[PDB]
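Q: My structure is below; once you've seen it, I'll send some questions.
Only the coordinates and a few stated rules stand behind these numbers; no lab work does. As a convention, Cβ positions derive from the backbone with ideal geometry for all residues, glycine included, and neighbour counts pool all protein chains shown.
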Amino acid sequence: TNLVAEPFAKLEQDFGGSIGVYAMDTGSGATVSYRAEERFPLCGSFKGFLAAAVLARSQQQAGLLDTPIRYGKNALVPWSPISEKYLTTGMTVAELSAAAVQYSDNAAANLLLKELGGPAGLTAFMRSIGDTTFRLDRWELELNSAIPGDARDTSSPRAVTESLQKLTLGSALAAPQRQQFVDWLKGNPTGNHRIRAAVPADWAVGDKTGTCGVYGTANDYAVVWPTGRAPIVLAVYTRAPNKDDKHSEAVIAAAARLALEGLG
Ligand SMILES: C[C@@H](O)[C@@H](C(=O)O)[C@H]1CC(SCCNC=N)=C(C(=O)O)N1
C-alpha cells in the first residue's frame, strides 16, 4: 500500500490539504484506496443521490415523476438557475431532478428534499441501500459550511463509490429509472475539468460534482465505461484547513488519474 499511497500523499501536500479516493473495478473487484474511510463534506454531490432517491420512490408511487410542484418565490435560494425561470409555471418532480443533477440547482434540491421528508428522508433512503456512512443533516445552503471536524453533511469516498455502484449498475433501481439516472449523470456538464479530464475521450463518463466554496472543499464521483470492459466506479473528495483555501479541479483530475491507472 506504500507504493499505491505515496503519489496521493505527494499530491495532497502540494495542494495543501487532504484528498480521499476510492475506485472499484466492477468486473474483477480490484480497488484503489486513499483515505477512503475518512469523512469529507458532500457539498452538491448529494444531489445525485437525491435524484436516485426520487427515482427509487417512483418505484413505489406510480406517477411521482410527473407530479407538478408549483412553488413560490421563497423556495428560491442562491444558485437556482433553472427553477428561477419556472417560478411563473411550476416544474414537475422529474424536471426538478434533472435540474438538481445537471445544473446543481439549489432550489430544486430543497424542493425535492421537502418531498422526501427533509434531509433525514434522504439519509433514510441511503440507509435503505445499505449505506451507513452517508449523512445529510441540513438544507441548502447551510450544508456547505464544511467546517473542520464537523461530521454533518458528510460521507466517505468508499461509501460514495459503493452506493453509486448499487444505483447505477446494481439492483436498487429498476431498468427505466436506472437508465434515467445514468443519462442524467452522463449528460452532466459541470465536471469537465474533474474526473472526466482523466478519462480517454472514447470512454463514456457520468459524474456529479460538489463545490462548497470554502475550506478548499470540492469533489466528484463518477461511473466510467471503458469500451468492451467492465465499468469503473470512483469518488474523489478534497478539503483543506483554512476557510479561504482554494479548491482545485486539477488536483481532483490528477487524483482520479492516479486511481484509474492503479486498478489493473
Ligand atoms: C451551491 C454551491 O455550493 C455548489 C454545490 O452545490 O456544491 C454548486 C455550484 C457549483 S456550479 C459548477 C461550476 N463549474 C466551474 N467549472 C456546483 C458543482 O460543482 O456542481 N454546485
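Q: For region 218-244, give me each residue that is within 9 Å of the ligand (Cβ to nearest atom) and in contact with a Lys or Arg (Cβ under 7 Å, 6 or more places away or on another chain). Explain how you work it out, then say what you get.
A: To start, the set of residues in region 218-244 that are within 9 Å of the ligand (Cβ to nearest atom) comprises 218-220.
Within region 218-244, just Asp220 meets the criteria.
The rows are residues; the columns are (1) farther than 20 Å from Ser33 by Cβ; (2) surrounded by 17 or more Cβ atoms within 10 Å (Cβ to Cβ); (3) of a type outside the set (A, V, I, L, M, F, W, C).
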| residue | (1), (2), (3) |
| --- | --- |
| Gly187 | yes, no, yes |
| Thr209 | yes, yes, yes |
| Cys212 | yes, yes, no |
| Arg229 | yes, no, yes |
| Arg239 | no, yes, yes |
| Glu249 | yes, yes, yes |
| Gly264 | no, no, yes |
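Q: Still on this structure, please answer the following. Restricting the search to region 99-121, which residues are within 16 Å of the ligand (Cβ to nearest atom) and either acidic (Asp, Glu) or in a loop (DSSP other than H, G, I, E, B) (or both)? Please lay out each step first, then the result.
A: Taking region 99-121 and keeping what is within 16 Å of the ligand (Cβ to nearest atom), we get 99-113, 119.
If the condition is that a residue be within 16 Å of the ligand (Cβ to nearest atom) and either acidic (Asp, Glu) or in a loop (DSSP other than H, G, I, E, B) (or both), then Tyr103, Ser104, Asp105 are the ones that fit.
Q: Which one is farthest from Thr211 (Cα to Cα) among residues in region 53-83 that are aliphatic (A, V, I, L, M) and away from the ligand (no atom under 16 Å from the Cβ)? Let's see the steps before the verdict.
A: Going through region 53-83, the residues aliphatic (A, V, I, L, M) turn out to be 53-56, 62, 64-65, 69, 75-77, 82.
Pick out the ones that are also away from the ligand (no atom under 16 Å from the Cβ) and you get 53-56, 62, 64-65, 69.
Details: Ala53: 21, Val54: 22, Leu55: 24, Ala56: 26, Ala62: 34, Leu64: 29, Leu65: 27, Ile69: 27 Å.
Out of the qualifying residues, it is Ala62.
Q: I'd like the residue in region 24-52 that is part of a strand (DSSP E or B) and under 19 Å from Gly216 (Cβ atoms) and, out of all such residues, is farthest from the ligand (Cβ to nearest atom).
A: Taking region 24-52 first, the residues part of a strand (DSSP E or B) are 24-25, 31-34, 40-41.
Imposing the further condition that a residue be under 19 Å from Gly216 (Cβ atoms) reduces the set to 34, 40-41.
On the way: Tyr34: 21, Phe40: 12, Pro41: 9 Å.
Filtering region 24-52 for residues that are part of a strand (DSSP E or B) and under 19 Å from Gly216 (Cβ atoms), the one farthest from the ligand (Cβ to nearest atom) comes out as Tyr34.
Q: Would region 122-134 turn up any residue that is free of Cβ contacts under 8 Å to residues at least 40 places away in the same chain, within 16 Å of the ligand (Cβ to nearest atom), in a helix (DSSP H, G or I) and touching a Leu at 6+ places or on another chain (Cβ under 8 Å)?
A: Checked region 122-134: no residue is free of Cβ contacts under 8 Å to residues at least 40 places away in the same chain, within 16 Å of the ligand (Cβ to nearest atom), in a helix (DSSP H, G or I) and touching a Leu at 6+ places or on another chain (Cβ under 8 Å).
Q: Moving to a separate point now. Mind listing whichever residues of region 161-204 are touching a residue at least 12 places away in the same chain (Cβ under 8 Å), of a type in the set (A, V, I, L, M, F, W, C), under 16 Å from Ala51 (Cα atoms) and more than 16 Å from the ligand (Cβ to nearest atom)?
A: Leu167, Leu169, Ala172, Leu173, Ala174, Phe181, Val182 - these are the residues of region 161-204 that are touching a residue at least 12 places away in the same chain (Cβ under 8 Å), of a type in the set (A, V, I, L, M, F, W, C), under 16 Å from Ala51 (Cα atoms) and more than 16 Å from the ligand (Cβ to nearest atom).
Q: Quick one: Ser45 ticks every box in (1) surrounded by fewer than 18 Cβ atoms within 10 Å (Cβ to Cβ); (2) hydroxyl-bearing (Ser, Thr, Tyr); (3) in contact (Cβ under 8 Å) with a residue 24 or more places away in the chain bar one, so which box is it?
A: It is condition (1) that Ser45 fails.
Q: List pairs: first residue in region 219-242 and closer than 14 Å to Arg257 by Cα, second residue assigned to a strand (DSSP E or B) and of a type in the set (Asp, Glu) anywhere in the structure, Cβ distance under 6 angstrom, at least six positions apart or on different chains.
A: Partner pairs satisfying both residue conditions: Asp220/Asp207; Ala222/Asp207; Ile232/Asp25; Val236/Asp220.
Q: Report the residue count in region 207-217 for those that are away from the ligand (no atom under 11 Å from the Cβ) and either charged (D, E, K, R) or touching a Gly at 6+ places or on another chain (Cβ under 6 Å) (or both). Step through it out loud before you land on a result.
A: Residues of region 207-217 that are away from the ligand (no atom under 11 Å from the Cβ), as a first pass: 215-216.
Now restrict to residues that are either charged (D, E, K, R) or touching a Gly at 6+ places or on another chain (Cβ under 6 Å) (or both): 216.
Residues in region 207-217 being away from the ligand (no atom under 11 Å from the Cβ) and either charged (D, E, K, R) or touching a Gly at 6+ places or on another chain (Cβ under 6 Å) (or both): 1 in total.
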